[PDB]
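Structural description and commentary
The residues making up each chain are set out below.
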Amino acid sequence: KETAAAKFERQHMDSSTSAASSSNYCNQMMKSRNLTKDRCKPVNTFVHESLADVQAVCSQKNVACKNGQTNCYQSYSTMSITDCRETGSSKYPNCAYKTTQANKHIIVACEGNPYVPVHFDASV
Ligand SMILES: Cc1cn([C@H]2C[C@H](OP(=O)([O-])OP(=O)([O-])OC[C@H]3O[C@@H](n4cnc5c(N)ncnc54)[C@H](O)[C@@H]3OP(=O)(O)O)[C@@H](COP(=O)(O)O)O2)c(=O)[nH]c1=O
């Protein structure tokens, strides 16, 4: 089984590297984290920070979520992340991704008790 917090960890956390490794990073990560089983997720972001630093975001700047809900929080500092975005020729089952490294503020939705991240909303 997988709790909501565990799913966020599997889908968005990669503390191992301080930044995306090779240009093949996304293709490999989207595959190993089971993010292309039923379809190709159009976009997925991986965070290269410790879990504690990401969990701490739930006690930072409260802001509105893209879906209108208000349980989203923006990080005060910028974090190291990798955006994985499909290429123009990507088509299930052969999902392919462009790897883009970046340093930006992250916005996640938190829920639960403990109040932890369960959804990655955006980067700014
Ligand atoms: C834009 C963008 C998107 N993504 C990623 C983020 C999403 O994956 P994701 O895996 O992070 O999305 P999810 O909806 O599956 O979130 C996992 C669970 O979180 C719950 N939840 C709780 N609070 C909220 C709020 N406030 N908004 C949205 N969702 C919320 C939700 O109901 C789910 O419950 P279950 O499905 O029952 O497990 C995906 C879609 O892009 P969308 O444009 O629709 O947001 O792309 C990313 O990784 N990076 C990006 O830059």
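All residue numbers given refer to positions from 1 along each chain's written sequence rather than to the entry's numbering, and residues for which no coordinates exist are omitted. Hydrogen atoms and water are omitted, and side-chain values are computed over all heavy atoms in the structure.

What the deposited record gives as its method is X-ray crystallography, and the resolution it gives is 2.00 Å.

Considerations on the nonpolar core
Residues belong to one nonpolar core when they are buried, are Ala, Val, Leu, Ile, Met, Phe, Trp, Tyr or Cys, and are joined through side-chain atoms within 4.5 Å. Each residue is placed in one exposure class: buried if its accessible area under a 1.4 Å probe, protein chains only, is under 20% of its type's maximum, exposed if it is over 50%, and partly exposed if it falls in between. By size, the foremost hydrophobic cluster in this structure holds 14 residues, and its most contacted members are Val47, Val54, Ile106 and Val108. Breaking this core down by element, the ones donating at least two residues are β4 (79-86) and β6 (106-111). Helix numbers and strand numbers start at the N terminus; a helix is a DSSP run of H or I with at least 4 residues, a strand a run of E with at least 2. The element that contributes the greatest number of residues to this core is β6, accounting for 3 residues. Contacts are assigned to residue pairs with any non-hydrogen atoms lying within 4.5 Å of each other. If we skip the residues at most four places from it in the chain, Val108 touches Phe8, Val57, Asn71, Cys72, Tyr73, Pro117, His119, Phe120 and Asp121. Core analysis: the second largest hydrophobic core is formed by 11 residues, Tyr25, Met29, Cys84 and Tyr97 among them.

Overview of the sheet that holds β4
By way of backbone hydrogen bonds, the strands of a sheet pair with one another, either parallel or antiparallel. Strands sit in the order β1-β4-β5 across an open sheet of 3 strands; the sheet is antiparallel. Both outer strands of the open sheet, β1 (43-47) and β5 (97-104), are each paired with one neighbouring strand and no more. Within this sheet the neighbouring strands show an average axis-to-axis angle of 25°, counted without direction. We call two strands paired when DSSP finds no fewer than two bridges between them. Relative to β5, β4 is paired through 8 bridges, and the arrangement is antiparallel. Residue pairing across strands places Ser80 opposite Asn103, the latter belonging to β5. In this analysis, axes come from line fits to C-alpha atoms, helices being fitted only over the stretch in contact, and the angle between any two N-to-C directions falls in the range 0 to 180 degrees.

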